[PDB]
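Notes follow the structure.
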Amino acid sequence: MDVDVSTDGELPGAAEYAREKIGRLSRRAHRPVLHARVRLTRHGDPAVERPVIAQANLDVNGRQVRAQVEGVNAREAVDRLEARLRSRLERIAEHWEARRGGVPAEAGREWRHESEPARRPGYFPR
Amino acid sequence: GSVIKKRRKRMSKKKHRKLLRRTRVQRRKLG
Amino acid sequence: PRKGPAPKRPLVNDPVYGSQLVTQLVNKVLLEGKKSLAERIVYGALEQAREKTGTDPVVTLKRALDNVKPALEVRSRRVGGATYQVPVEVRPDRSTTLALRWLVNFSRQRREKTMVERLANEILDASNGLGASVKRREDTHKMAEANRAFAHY
Amino acid sequence: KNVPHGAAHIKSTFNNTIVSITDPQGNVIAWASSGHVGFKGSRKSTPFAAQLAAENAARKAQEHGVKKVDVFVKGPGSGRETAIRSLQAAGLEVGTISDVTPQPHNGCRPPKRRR
Amino acid sequence: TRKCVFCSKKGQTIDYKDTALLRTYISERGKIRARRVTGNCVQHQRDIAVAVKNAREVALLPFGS
RNA sequence: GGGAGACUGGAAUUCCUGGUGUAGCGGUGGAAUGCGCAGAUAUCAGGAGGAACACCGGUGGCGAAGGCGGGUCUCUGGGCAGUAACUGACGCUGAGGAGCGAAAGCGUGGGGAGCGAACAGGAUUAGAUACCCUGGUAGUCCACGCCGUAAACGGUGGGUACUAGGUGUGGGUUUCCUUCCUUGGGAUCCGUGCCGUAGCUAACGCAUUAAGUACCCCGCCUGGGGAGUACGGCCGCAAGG
């Protein structure tokens, strides 16, 4: 997994840490990752309690996955971003194991939006 | 009542039972 | 098409042949709005067919259309959270559209050095039942038949 | 042999259907299965496969001299009506329809529920 | 709804010997008919069910023909 | 269908034997392990065995609670109604204590069809110590004993008296429409539901089966974790309580 990091201003070593942390998420993605971008920014105002902002974007086989966090320094922001991305990838899975509980089951028990409608005869049962 | 309290109690109970299982022979030999 | 069907465009009859089908054909071969070139191509192909066989071109064009017109097609259907290739009956208009599109495309990938010649050869072989469009109808019917188990929904 | 009157047994489960034309004494003279007519896996639980199996079995009974048959349907409904219709349509006269599905009087434990 | 033909002053006694009196109370499959369809009282329904079971036990009624 | 014992019935599953009979069967969202070609699955006849008792059968009955329905017989407990013959306050509660107490589990001896923790493969998955599939041992069953816990819940201790009604349903006595066939209707006693006043409650709701109005007795609570844990003790074969 190849990641490009577009930082700004002063954030020494943030790029390497972010690359190494984010690149570990490829195995979690159930489909090949086409692109991955990370941006690190810092807030100019000292009054901001969490100045560093980290954002990510992954192209998981055409599905866009993005997250954004805030932290007090580069390392914390990158770690929180990794956590958020992992959660998103978990919720995105869409393979069989991820949609086996949502497929309608039974015959008459339970009803869902895509549940098969019951077949009805022309004449009333009586 | 929320099931959260039941969850806390059950985790404490499960951990204690695991601890008891892990040291059965040691307790028998010391007692 | 969420709120209902949309009206169809009533295209006019052709002047030099008086048939709906040739206008449909010229609109199928039309590219970039150069309608005059499309009409020249279609008329040239019809005249080539008339010269080769010696009879009216519209009758052989209709014969080719009937030879390549499909009747059964396959569409992916999602019923109860599962997708399958379900054979579906084809309406007459969609069958004519599919036949014309197949004819035009398969003539576009012929090897007769000119689109008029390619089109004429394709329509002639479709009339005689040897075109690649005829073949394509054969495989589409075969695929529709091979999935007949799913026709119940 | 020559068996003019016989019995047809149709077993329609949730993933297959088996037809066996039977001499009234219980001997089987011709049988066709859903997987015997070219279907496999989930494909053979379809009513079309039931129709094909019924027609194949009906023919294999017909050259044996079977002209009139009575059916004994059985199992959860998958292609039972289709199978009977295909039996009739293949040149076989269907006398009587009887549903003989084994119904326990609360004996033996069913397997645990799937999830 | 309907009438408990046994609570009446002419209510015939329920026995496992009289087969026809029970045959009128079982469906064509040989199953015992429900109380709401039959309409008799709870005690008579119990008497009928017990009589049907007893008759089955002595091969007077089929076990679900 | 309150409990205990003995005997006994039929359907179905499995297995075994013998016919007919062929090339698949089985399983899934889709498949594969698996079974079969040494004759499977299917169909028919016969046989063996174990377990659970379709319809009746319900928000219906019984039991202090756990719980209890295939049939018959034997032994046995409680409840309700009416008469009010009898005794004449003999009542209520109950610390400790004793007994009973689902399932799982434990001991000894049998039994073992189906199901099935553990365990094996197959599949899904990034990974599957899982869900799904094929097998499958303890166990589930019986006899005799241990254990003594449960969302053992109505999350509502027991007794008593009083406080609008309406409407289902189970058991029993009775007056009048009266055909007296009929849930005819009423009255009454004992249950079991629903809806609803007053009242109560933080609210939700409860509401003559009170969570209302009061009296008697018992159990328990005193912020959350640490912790129903350590230590000591008692009980238990152990698990553990």
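Chains as they are written, first to last, in UniProt numbering: chain A, 1 to 126; chain B, 2 to 32; chain C, 2 to 154; chain D, 23 to 137; chain E, 17 to 81.
Built from N, CA and C at the ideal position, the CB exists for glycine as well.
Among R51(C), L104(C) and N68(C), which has the Cα closest to the Cα of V27(C)? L104(C)
Output, in chain order, the set of chain A residues within a Cβ distance shorter than 8 Å of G19(C). Simply none; closest approach about 47 Å.
Considering only C-alpha positions, which residue in the set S100(D), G99(D), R81(D) and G97(D) is nearest to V91(D)? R81(D)
With the cut-off set at 8 Å, would you say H86(D) and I32(D) are in Cβ contact? no
Please report the straight-line C-alpha distance between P124(D) and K96(D), rounded to a whole angstrom. 8 Å
Using only alpha-carbon positions, find the residue among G101(D), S67(D) and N24(D) that is nearest to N37(D). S67(D)
Quick one: is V52(A) near chain C, going by C-beta distance under 8 Å? no
How is the alpha helix (DSSP H) around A39(C) delimited, first residue to last? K36 to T54
Chain C contact residues for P69(D), given Cβ-Cβ distances below 9 Å: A150 and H153
Buried or exposed: which applies to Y32(E), given that a residue is buried once 16 or more other Cβ atoms fall within 10 Å of its Cβ? buried
Sheet register partners of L37(E) (DSSP bridge): Answer is none; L37(E) lacks a bridge partner.
Quick one: measure Cβ to Cβ for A67(E) and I42(E), integer angstroms, because I've assumed they're closer than 8 Å. That pair is no contact at about 11 Å.
Using the beta-carbon count (16 or more within 10 Å), is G132(C) buried or exposed? buried
Got a sec: which bits of the segment 68–94 of chain C sit with their beta carbon under 7 Å from any beta carbon on chain A, in order along the chain? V80, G81 and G82
Beta carbons nearer than 9 Å to chain C: which residues of the segment 98–115 of chain A have them? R99, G102, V103, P104, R112, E114 and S115
Are the segment 100–112 of chain A and the segment 39–57 of chain A touching by the rule of at least three beta carbon pairs closer than 8 Å? no
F151(C) versus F61(D): straight-line alpha-carbon distance, rounded: 13 Å
Should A65(C) and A145(C) be called a contact, given that it needs their Cβ atoms to be closer than 8 Å? no
Quick one: any contact between the segment 4–20 of chain C and the segment 76–87 of chain C, if contact means 3 or more CB pairs under 8 Å? no
Following the continuous alpha helix (DSSP H) through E90(A), name the residue where it begins and the one where it ends. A74 to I92
Beta-bridge partners of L58(A), as assigned by DSSP: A36(A) and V65(A)
Would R102(D) pass as an interface residue toward chain C - the criterion being a Cβ-Cβ separation below 8 Å? no
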